[PDB]
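All remarks here apply to the structure that follows.
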Amino acid sequence: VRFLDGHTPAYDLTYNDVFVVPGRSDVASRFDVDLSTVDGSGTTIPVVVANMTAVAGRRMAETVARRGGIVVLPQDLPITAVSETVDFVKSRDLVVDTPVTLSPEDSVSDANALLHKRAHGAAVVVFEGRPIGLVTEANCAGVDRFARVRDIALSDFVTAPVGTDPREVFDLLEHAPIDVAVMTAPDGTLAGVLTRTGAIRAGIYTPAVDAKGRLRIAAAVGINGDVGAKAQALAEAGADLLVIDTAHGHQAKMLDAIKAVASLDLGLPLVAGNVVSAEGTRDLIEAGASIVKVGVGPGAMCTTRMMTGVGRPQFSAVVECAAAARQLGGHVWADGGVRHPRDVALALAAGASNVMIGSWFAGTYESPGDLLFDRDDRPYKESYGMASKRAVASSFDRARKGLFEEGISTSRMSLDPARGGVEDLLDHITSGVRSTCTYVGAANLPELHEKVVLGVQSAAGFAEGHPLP
Amino acid sequence: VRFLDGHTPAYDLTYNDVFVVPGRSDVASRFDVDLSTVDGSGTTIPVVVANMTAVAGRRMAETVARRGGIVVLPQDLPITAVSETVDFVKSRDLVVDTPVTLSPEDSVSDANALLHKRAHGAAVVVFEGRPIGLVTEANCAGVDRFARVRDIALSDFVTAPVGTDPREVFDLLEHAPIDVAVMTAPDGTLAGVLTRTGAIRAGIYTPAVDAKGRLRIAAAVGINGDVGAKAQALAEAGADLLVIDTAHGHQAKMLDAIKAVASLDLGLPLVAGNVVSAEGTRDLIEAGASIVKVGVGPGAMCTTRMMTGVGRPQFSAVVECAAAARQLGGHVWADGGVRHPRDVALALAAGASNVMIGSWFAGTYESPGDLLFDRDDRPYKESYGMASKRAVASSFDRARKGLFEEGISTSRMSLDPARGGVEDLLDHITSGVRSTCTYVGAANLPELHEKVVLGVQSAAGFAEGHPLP
Amino acid sequence: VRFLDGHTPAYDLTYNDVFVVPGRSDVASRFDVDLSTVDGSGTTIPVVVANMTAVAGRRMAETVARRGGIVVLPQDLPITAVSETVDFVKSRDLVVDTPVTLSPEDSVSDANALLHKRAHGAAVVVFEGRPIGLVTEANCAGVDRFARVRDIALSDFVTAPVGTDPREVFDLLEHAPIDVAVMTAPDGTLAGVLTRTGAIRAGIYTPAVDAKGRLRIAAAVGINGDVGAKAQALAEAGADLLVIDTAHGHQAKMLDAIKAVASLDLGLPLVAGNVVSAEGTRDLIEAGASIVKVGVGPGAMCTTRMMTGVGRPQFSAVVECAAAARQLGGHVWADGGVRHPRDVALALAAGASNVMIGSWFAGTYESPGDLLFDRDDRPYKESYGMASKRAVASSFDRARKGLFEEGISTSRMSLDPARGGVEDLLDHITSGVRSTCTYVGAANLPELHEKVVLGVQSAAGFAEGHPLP
Amino acid sequence: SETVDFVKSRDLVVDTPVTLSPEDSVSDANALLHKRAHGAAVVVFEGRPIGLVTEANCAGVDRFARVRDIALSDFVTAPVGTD
Ligand SMILES: Nc1nc2c(ncn2[C@@H]2O[C@H](COP(=O)(O)O)[C@@H](O)[C@H]2O)c(=O)[nH]1
Ligand SMILES: Nc1nc2c(ncn2[C@@H]2O[C@H](COP(=O)(O)O)[C@@H](O)[C@H]2O)c(=O)[nH]1
Ligand SMILES: Nc1nc2c(ncn2[C@@H]2O[C@H](COP(=O)(O)O)[C@@H](O)[C@H]2O)c(=O)[nH]1
Ligand SMILES: Nc1nc2c(ncn2[C@@H]2O[C@H](COP(=O)(O)O)[C@@H](O)[C@H]2O)c(=O)[nH]1
Ligand SMILES: Nc1nc2c(ncn2[C@@H]2O[C@H](COP(=O)(O)O)[C@@H](O)[C@H]2O)c(=O)[nH]1
Ligand SMILES: Nc1nc2c(ncn2[C@@H]2O[C@H](COP(=O)(O)O)[C@@H](O)[C@H]2O)c(=O)[nH]1
Ligand SMILES: Nc1nc2c(ncn2[C@@H]2O[C@H](COP(=O)(O)O)[C@@H](O)[C@H]2O)c(=O)[nH]1
């Protein structure tokens, strides 16, 4: 990267300590920018969902993969559940979203609770595979909680066949009381649901698909036990990319696991981490890792800096690791510390190929965590860190080992009323990155890295501009 | 120490301005790290309790010495009380803790007040030296405050003979309603109490013992009056280490006291302070001090920076003093400014041999201060600084001298519900230090000092990570 | 001054950005330090009261001059009032304080209001010049507000003749219910009052006196109108030192006023300001000013930095001005920005001869402002800045000139319950300065300036230590 | 029976005060101070009064100190049968 003359601070830099200087540009609009990555992950947008049980899930994986991103399944998850999740993700449609399905014998409370599992805002009642009505929050209000779905006054729905152009579906929903359109197969069974916003997004985001035209998905493995057997089993399960995640990636165990995984010649890309030094990236790449995971400390649930003082500011670590990888022909991923699209844009300008977002996506409908309401009826969801699952591994021995184990951190993630779904956050981040590219004057991410000019600002410089949310 | 290239700030550094960069490591787990010090203090862990009347006490000394630390008794304490404290500490068992003892004729209010003197959560009723029952907070609830202990419905207790392996004691407490196990001598009298957590800790922490196999203890002396006579008297009392503490250690008086103490050839290690300069450490070591106490200003109750502007950031002072001492073959101690295990880890990486913790331990059950409850029933204890006791020394003359004397600072230290006892804080700090060593890649503290790489971060860098407590 | 190696910041420094590094010392106690100034002002302590109508007054001048300081009367004050103030100050006793006097015909409300005019806490009822009783806050409580003083149950008082050694007076007040001792002349009339604290202070502070043995006092003049005539008139009135104060001291008008005043050969020391540059000090000294006033912006009521952005951090300006003055054989005064004794100690170490304290002393009993009570009955007093009086000078013309005039700033200054009087603040500041001198190892202020070593700290370094009040 | 004996063993004029021992705890003394309306307790050693304990004395003292540590205040003494 290029810095302004005289901008050589005597300390490492974070996302808040840097800014992007505009340059001469010829990009007319945001839509002229290509956001496809070149790291081999197959993602058309530089967004990756972290491998956390509070974030990664079936609905989240499907929604992110449909819009071009990828989701890494949490490590140590049972192999059967991984198989079902992969099959469900790869069995989805590339355009039509999967709605919440209900039976006429279901309870009203179950319908109300399931209404928030998706951002569509409505659920499709299915009888013998055929839609028969719609359930919305207005219908369940005032009704006995233990009545049946068939008692609920099911509302009419706009129906269109599958394969219809999204423009027509958008047109039919212009005056529809409910902004959902059910897509029915030529047989007549339920194929999915579509919305005006979804129809608009269909023409903007290109889904990330494998060689067979199915949505991509990734799985994570630990370094304890037989790493090679687990990696081979997950590769056979249909995973498109493998991640070997650990708290400290610059250790012997990590390198041995990398070598064991690479010896199998599975053919899938390998992601390893985490390191915050050039030597660590050189060691991981030489061991056989194609992509290096970068970041130790900036995790929103990571307490390493408070427990140990060990860590590094994200920006300097990312730039150093990216330079080291590019030197050896590799790629790096920015992990942790993302709160705003500014962080993603700066990480991309730093030299990273992808930006792994973690606890930010936990405050969405698609997150596996159950929706909760605060004292002021404000919706929120609880998120937590992976704790010991990222660490290196008789009741007495169990208690002795768990005495020194780090506690599970927790925090509340509020849901934005206008950005309840993860697709809204994806739109936010993509708009920010596209605006950054237009300001720099780059048509693609490699040009963004090549042409960017960075600067250093003080504490007062960050507060400049509109008050942060 | 080694810093990153270009990290040469134009100001002194604190604990919040530095971070540890991970390196290549081969340490599998935390338990492979040896935390024994090499400064001659005999502590198996780098934790020292400050010589304050609000922190140092019999129970605190016993608990800290059992887990490997040492406690320095406050200066100017009466010699008889010092003798009783030393005898009580050296008469304890290396494995079995000392519980709260009660008589059947004792009041219920006295039992309730004494229940919080230890972290066991229960007290053993003793009649003719034989346990007869147990008193818990549930038993005293609802009972008249002025009834007798014999009126309280004493609960059954799990009994095991002394010398039993801690694994068996842990096994017998698996389903016990009260998580305490009383140890009885072959005669049948009370020898102590043991808990599941204590049984687990017994196999992790090696107690710090003298040549006779008894728990170690230290005492502090001032520089006023006859320093040599007091030092000799305390050495004869059984103290294992002598500390000469004063507010400003780089003065003539201090050096003369050091020379007088060293002329006696007591054979005990000598600790002197406090200085924050290399010249001060050179002067103290040449005077005969084996260990130099470092720190002027970062004390939680020290107002020198506000009254006088005199002081120095702890990290730079510690690194300079450690370099100067090692040059002359000495050792330094970090005193004050510790709030989190990050501070201890950074001080150890700076080059210090031990880290003296002060007011942090005051918010524990073992502290001599009486337990108090806030308006919201939150437990807390008051702590205060040593004031004039650290300064260089007719009602009229007394008032004239006390007119310019510094006031006694005070603050409230809340008790963590999950870390009420000092053993929990010791576990916290030891886990942090072990994780730091594993991240650096060091099997012992000298290797931690040799292999550590430091960095400099701005204000925004410190806020990175999980919100501080 | 001397800074630590590598401590060369790229910005100007304030009081909060610097610290004093301890050195080798041989000063046994605080009382061995001599605080006498060498700038010719005659003050035995480095404390000067600012020329503000909210701070400078008869009682404040007397109290400060008795303890060794000096008070500068506000400019543009009527000459008759200046004459009465000077006569009253020079007619006071060097040991015995002046108490509040009341008549038996006075109202109870007047007595209550006057009780807070002094820190003695009691008033002496005088009939025909002879004390007859004492009035305290307890006596007036519960009594009708419009009763007479003679109705109040006057309490007995300890009486001692003038010239008695303060030790005896302190002894007689050991068991006195009221801690005031009235001093009676050999005739038998009231000469003053004395307290235990006052008796103690009498042996510590040496009063600042002129050649005739009377308390010193100073007066301030502006630069508008005939400066020479006003200066000569104030010199004839008995002022011991002249100050020419203006907002911007580096201007032609200022220099012409200095020349006009110096041409009169009054023989009194001249103080001029304010400038924050070496060139300004050189210009003022060459014009005839013996002492240069330093500081533009750090005033607690100064809005120049917010209205104009013009100013300079106090520490760098003070060190530069002190170096420039000493080069030409002059002296400088630190003005504004004092909140704690740390500021005074740092200003003295910077090279200043005296430290002028302003709005800090406004929150005292001796300040001319009327005592006020907050909503929570907390005592406080209002303070305000000099505004246009420091600026360079038909209803229409008056309004046109006042349209651009700066507004009068105001703020609330709370009274410390333990430091209600200004003597307590003087004790605080003197103790801080003496402790600073002992830490540095200096027996006097010139040695403090010569031997001091300074350092630079970041924002986190300032927060180190006990929480600031 | 004990209550009746205690009631019938009292004096018709002089009230029964709260009695304390020098080895008693400060918390016990504070709690017992409110058992009577006298507002003070009489410290008794070998049947002889030696001092007085009031709420002001116990304030600021460690709760688990002894009664003998408390600064016992002087008391006005008069023989029984005095008018
Ligand atoms: N009936 C019904 N249950 C659902 C639906 N989505 C999720 N669930 C229930 O909720 C559980 C958890 O949902 P998940 O976290 O897998 O999306 C599922 O295993 C299933 O029992 C839906 O659309 N309809
Ligand atoms: N040390 C640690 N790191 C965690 C934990 N949970 C998540 N992380 C890290 O933090 C990243 C997410 O950070 P976020 O984007 O939420 O700020 C994850 O991808 C992972 O690298 C945890 O419990 N401990
Ligand atoms: N009966 C009884 N008193 C105790 C016990 N521990 C402390 N005390 C009382 O509390 C006082 C202060 O306790 P310390 O601060 O020495 O632990 C002791 O001198 C003693 O009077 C205990 O286990 N039993
Ligand atoms: N100047 C001063 N230092 C104190 C006082 N009390 C404790 N200290 C210092 O502060 C250290 C403890 O700091 P802490 O660990 O509580 O932040 C002590 O070991 C001692 O060096 C006091 O009253 N005055
Ligand atoms: N009777 C009486 N009035 C006083 C005393 N001190 C001040 N005053 C009144 O209060 C006014 C203002 O007080 P000053 O601000 O000059 O101290 C005086 O002019 C006088 O009227 C005092 O001791 N006795
Ligand atoms: N510009 C300006 N300076 C003032 C005013 N009042 C006081 N000052 C300056 O501020 C100094 C006092 O500052 P302080 O010690 O209250 O922080 C005075 O001695 C004078 O130099 C005002 O109204 N305007
Ligand atoms: N030491 C002492 N204990 C008392 C005194 N009065 C009451 N107690 C205690 O408090 C209990 C209850 O008091 P009661 O309700 O009988 O007045 C008694 O049985 C006794 O243990 C007293 O004056 N001194």
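Indices start at 1 and increase along the chain as displayed.
Method on record in the header is electron microscopy, 2.8 Å.
Cβ atoms here come from the backbone N, Cα and C positions, even for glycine.
Swiss-Prot annotations:
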ACT_SITE  B:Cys302  active site, thioimidate intermediate
BINDING   B:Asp245, B:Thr246, B:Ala247, B:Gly295, B:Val296, B:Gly297  NADP(+) binding site
DOMAIN    B:95-152  domain 'CBS 1'
DOMAIN    B:153-211  domain 'CBS 2'
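Feature map: Swiss-Prot annotations on the structure.
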residue: B:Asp245; record: NADP(+) binding site; contacts (Cβ under 8 Å, 6+ apart): B:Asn51, B:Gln75, B:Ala220, B:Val221, B:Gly222, B:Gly273, B:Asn274, B:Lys293, B:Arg390
residue: B:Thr246; record: NADP(+) binding site; contacts (Cβ under 8 Å, 6+ apart): B:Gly222, B:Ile223, B:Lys253, B:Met254, B:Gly273, B:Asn274, B:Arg390, B:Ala391, B:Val392
residue: B:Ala247; record: NADP(+) binding site; contacts (Cβ under 8 Å, 6+ apart): B:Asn274, B:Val296, B:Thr304, B:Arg390, B:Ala391, B:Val392
residue: B:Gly295; record: NADP(+) binding site; contacts (Cβ under 8 Å, 6+ apart): B:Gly273, B:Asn274, B:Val276, B:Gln314, B:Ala317, B:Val318, B:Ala334, B:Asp335, B:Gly336, B:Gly337
residue: B:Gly297; record: NADP(+) binding site; contacts (Cβ under 8 Å, 6+ apart): B:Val276, B:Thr304, B:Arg305, B:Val310, B:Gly311, B:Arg312, B:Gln314, B:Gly336
residue: B:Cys302; record: active site, thioimidate intermediate; contacts (Cβ under 8 Å, 6+ apart): B:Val296, B:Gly336, B:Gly385, B:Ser409
**OP:** Determine, from DSSP, whether B:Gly295 (NADP(+) binding site) sits in helix, strand or coil.
**Re:** coil
Original post:
Other than its own, how many Cβ atoms are within 10 Å of the Cβ belonging to B:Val296 (NADP(+) binding site)?
Top reply: 30
Original post:
In the same chain, which residues outside the set B:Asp245, B:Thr246, B:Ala247, B:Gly295, B:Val296, B:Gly297 have their CB within 8 A of the centroid of the CB atoms that define the NADP(+) site?
Top reply: B:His248, B:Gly249, B:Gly273, B:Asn274, B:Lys293, B:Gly299, B:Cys302, B:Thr304, B:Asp335, B:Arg390
Subject >> Largest separation between Cα atoms (Å) of residues that the record links to NADP(+), namely B:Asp245, B:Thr246, B:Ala247, B:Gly295, B:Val296, B:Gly297 >> reply: 14
Original post:
Should B:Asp245 (NADP(+) binding site) be counted as helix, strand, or coil on the basis of DSSP?
Top reply: strand
**OP:** Would you list the binding-site residues among B:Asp245, B:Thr246, B:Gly295 that come within less than 8 Å, Cβ to Cβ, of chain C, in the order they occur in the sequence, writing 'none' if nothing qualifies?
**Re:** none
Original post:
Do you know the DSSP helix, strand and coil residue counts for the domain 'CBS 2' (B:153-211)?
Top reply: 14 helix, 15 strand, 30 coil
**OP:** Can you tell me which of B:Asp245, B:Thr246, B:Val296, B:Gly297, our binding-site residues, come within under 6 Å of ligand 4 at the Cβ?
**Re:** none
Original post:
Taking DSSP three-state, what's the residue listed as 'active site, thioimidate intermediate' in: helix, strand or coil?
Top reply: coil
